[PDB]
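Remarks on the structure that follows.
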Amino acid sequence: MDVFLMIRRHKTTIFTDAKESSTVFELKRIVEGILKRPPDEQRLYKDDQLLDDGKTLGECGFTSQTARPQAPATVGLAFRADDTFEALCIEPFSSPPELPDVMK
Amino acid sequence: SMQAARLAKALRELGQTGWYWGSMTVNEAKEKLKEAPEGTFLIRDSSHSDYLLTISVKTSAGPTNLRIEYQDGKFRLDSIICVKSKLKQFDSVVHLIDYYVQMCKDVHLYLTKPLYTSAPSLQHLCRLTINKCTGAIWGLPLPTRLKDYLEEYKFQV
Amino acid sequence: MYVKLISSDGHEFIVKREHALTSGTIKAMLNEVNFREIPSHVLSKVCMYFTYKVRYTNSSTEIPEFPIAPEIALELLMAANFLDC
Ligand SMILES: C=CCc1cc(CNC(=O)[C@H](Cc2ccc(OP(=O)(O)O)cc2)NC(=O)Cc2ccc(F)cc2)ccc1F
């Protein structure tokens, strides 16, 4: 049962997928292979909710029905800074220009 | 005249829909549509030699089918069951479908959304979205070759 | 395994290489690509398109709608044409 995700920190967005049954920790292992930071140097979030390593993505509320390939769910990512974690910070995408009047 | 140059343009548009199922049978169309929302539709080839194409659509009572004829360069709905006097004629069969879809937004024909045989190109999905916003391709801030691309498929479905 | 696609405003999208090969233009290019004319509100949607295209080609699943807001559609059309996808 596949969930399709955007893992986001600052100006970095990882597109990946996983199962409802896989764990938060297994997501951190995916992030580790891409960004080369170990799981214990990562915090993962759904909105402002810090995710426990032991929980399944389904247990955190990521569902196949709402994390689709055409509309992936966002997981926030914060990294270790020195002796603590940086605050979660996801930088927005650019904003679209104004619609031409005839398509309004 | 059958106007084969017009027919080929119409069949090219049909190839672009992503909801043309080709040699699909009536039974296969029934199975694909048996559980779809009311108004879900596709187009496929007709088993009947007097007809070019068939619309298969989910009604409240189950999938049903409606043939399209192509005569003298014009597509129209089956004139054996429709009053040929009240039948609009189209140069384009995708136009025919789009017209009835939009008229439904405003056995009876009720069409909503197509059942796709394959995921369209991102360019085509953009084209559809733009066509749902406007028909005024001529004035969009696009390079000419993209305007020509939009012109090849002007429909909202 | 993964490639990095960078928008004009400096967002980095890390996507499966196999999914990025949906674009003939990326595929002919090929681990990092810079798109000087595609901003992040376009390129993020391109990346979702890649996931959707791979999932719903040659599948038995009913193909769902791919959402495109009208405000990105013109730029998205230009990007998809440049990307050949
Ligand atoms: C303005 C128009 C009004 C309109 C009128 C009608 C009348 N429709 C028929 O009476 C068709 C006749 C037909 C049957 C097969 C067919 O397929 P093909 O062309 O391949 O032979 C084409 C037409 N009856 C069926 O569908 C019954 C059926 C269903 C499922 C199945 F599994 C096998 C048969 C339908 C909608 C409308 F809005």
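Numbers restart at 1 for each chain; the letters A, B, ... are given by sequence-line order, proteins then strands. Hydrogens, waters and symmetry mates play no part in the numbers below; they use all other heavy atoms, side chains included. We count ligands from 1, going down the list as the structure has it; atoms in each ligand are counted the same way.
Judged by the 6.0 Å and 45° rule, B/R67 forms a cation-pi pair with B/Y51.
Applying the 4.0 Å criterion to heavy atoms of B/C82 picks out, from ligand 1, the atoms 1 (C), 2 (C). Atoms of ligand 1 lying under 4.0 Å from at least one heavy atom of B/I81, given by number and element, are 2 (C), 3 (C), 5 (C).
Counting non-hydrogen atoms of neighbouring residues, nucleotides and ligands closer than 6.0 angstrom, the CG atom of B/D50 exceeds 12 such neighbours.
Between the choices B/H48, B/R67, B/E28, B/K30, the shortest heavy-atom distance to atom 22 (C) of ligand 1 belongs to B/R67. Heavy-atom proximity to atom 2 (C) of ligand 1, evaluated over B/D78, B/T64, B/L66, B/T54, is greatest for B/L66. Counting only non-hydrogen atoms, the option in B/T59, B/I80, B/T25, B/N65 that gets closest to atom 12 (C) of ligand 1 is B/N65.
Other residues sharing a hydrophobic cluster with B/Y149 under the 4.5 Å side-chain heavy-atom criterion for ILVMFWY residues are A/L99, A/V102, A/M103, B/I130, B/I137, B/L140, B/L142, B/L146, B/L150, C/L74, C/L77, C/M78.
Of the heavy atoms in B/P63, only backbone atoms (N, CA, C, O) come closer than 4.0 Å to ligand 1. With a heavy-atom cut-off of 4.0 Å, B/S47 touches ligand 1 through backbone and side chain alike.
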- Please report the C-alpha distance between B/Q123 and C/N81 in whole Å, then the side-chain angles of each, then the deciding distance to 0.1 Å, and finally whether the side-chain hydrogen bond (donor to acceptor under 3.5 Å, both in side chains) criterion is met. CA-CA 6 Å; B/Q123 295 167 72; C/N81 179 263; 3.3 Å; yes
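Salt bridge absent: A/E86 and A/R80 never bring a charged side-chain N and a carboxylate O closer than 4.0 Å.
Side-chain contact check for B/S23 and B/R44: no donor-acceptor pair (N or O, by modelled atom type) lies under 3.5 Å.
Using a non-hydrogen distance threshold of 4.0 Å, B/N27 does not register as a contact of ligand 1.
At least one N/O-N/O distance between B/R44 and ligand 1 falls below 3.5 Å.
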Which side-chain N or O atoms in residues 113-121 of chain B pair as donor and acceptor under 3.5 Å with protein atoms at least two apart or in another chain?
unit_1: B/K113; atom_1: NZ; unit_2: C/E65; atom_2: OE2; d: 3.2
unit_1: B/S121; atom_1: OG; unit_2: B/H124; atom_2: N; d: 3.0

